[PDB]
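K.L.:
Right, I'll just put the structure down here and ask away after.
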Amino acid sequence: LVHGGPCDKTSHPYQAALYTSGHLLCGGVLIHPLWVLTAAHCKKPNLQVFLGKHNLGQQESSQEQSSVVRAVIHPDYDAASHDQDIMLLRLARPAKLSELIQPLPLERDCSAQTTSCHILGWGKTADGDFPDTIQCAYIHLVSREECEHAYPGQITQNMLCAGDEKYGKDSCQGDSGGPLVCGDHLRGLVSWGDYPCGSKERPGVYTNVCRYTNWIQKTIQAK
Ligand SMILES: N=C(N)c1ccc([C@@H]2Cc3ccccc3B(O)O2)cc1OCc1cccnc1
């Protein structure tokens, strides 16, 4: 996350860190004791999910670790266009809930009024390095018309755009799969955007979580 700052230790109990080959790959959101929601482009070998983390450089008494027993990619995910960029990860055992590990409720209403949002993650900061401490930034939802101009012909109804035209606050490499939180609900997932991150003209693109209510519930309830 670029042009942000450190989060407080108690504000992100739903945040997950996704590892592959010993390095941070993606963020994710705990949405149920057995399930983490992330971006479909985060599907990499032998994913390790970490819950209750704040500082990736230290061993924390609040942290829990799990391998993935089932990675469920949306059946209509299109890798070239990042359309329907959503994946459900079933954990090895139910997450042990605490003050620092809690699920985040999904925004089910696609007509939700709140445009005031926040993003978080351990992706690249303004200096180009990967932070040990999780970063936070307040950003806002950008109109469909504004985002369409930024990314001509690349925005579908399964995408939302959010950013900051004033200071360039934006998610970056390592943050994808991470949450876009508006009114204490999950509004989106970090999906893609421009390179370098933090343009004042091109906001970040997020998976529109409200479009996936039925699919998420049907996957979680599956036999
Ligand atoms: N600016 C954004 N909103 C943005 C946010 C997250 C990510 C990535 C996308 C990604 C791809 C593959 C595996 C993981 C990720 B992820 O964690 O963040 C990329 C982003 O912009 C494109 C980009 C690609 C490459 C370098 N810099 C920037």
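Counting starts with 1 at the first residue shown.
So this one's X-ray crystallography, 1.8 Å, going by the header.
Keep in mind that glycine also has a Cβ here, set from the backbone N, Cα and C atoms.
What Swiss-Prot records for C7-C136, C26-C42, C110-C210, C117-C182, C147-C161, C172-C197 is disulfide bond. Per Swiss-Prot, the feature active site, charge relay system maps to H41, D85, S176.
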K.L.:
If we check Cα distances from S176 (active site, charge relay system), which of the disulfide-bonded residues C42, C110, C210 wins as closest?
P.N.:
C42
K.L.:
Do any of the disulfide-bonded residues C7, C26, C117, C182, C210 touch ligand 1, in the sense that the CB is under 6 Å from one of its atoms?
P.N.:
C26
K.L.:
May I ask for the distance between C210 (disulfide bond) and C136 (disulfide bond), taken between their Cα atoms and rounded to an integer number of Å?
P.N.:
23
K.L.:
Does DSSP put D85 (active site, charge relay system) in a helix, in a strand, or in coil?
P.N.:
coil
K.L.:
In the structure shown, which of the disulfide-bonded residues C42, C110, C172, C210 has the fewest Cβ neighbours within 10 Å?
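P.N.:
Relative to the other disulfide-bonded residues in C42, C110, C172, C210, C110 has the fewest Cβ atoms within 10 Å.
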K.L.:
Taking the Cα of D85 (active site, charge relay system) as the centre, which of the recorded positions listed as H41, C42, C110, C182, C197 lie within 10 Å of it?
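P.N.:
Those close enough are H41, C42.
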K.L.:
Within its own chain, what residues at least 6 apart in sequence put their Cβ under 8 Å from the Cβ of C182 (disulfide bond), listed in sequence order?
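P.N.:
For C182 (disulfide bond), the qualifying residues are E107, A112, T114, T115, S116, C117, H118, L141.
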K.L.:
Quick one: of the disulfide-bonded residues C7, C136, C172, which has its CA closest to the CA of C147 (disulfide bond)?
P.N.:
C172
K.L.:
What's the CA to CA span in angstrom from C42 (disulfide bond) over to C110 (disulfide bond)?
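P.N.:
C110 (disulfide bond) has its Cα 24 Å from the Cα of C42 (disulfide bond).
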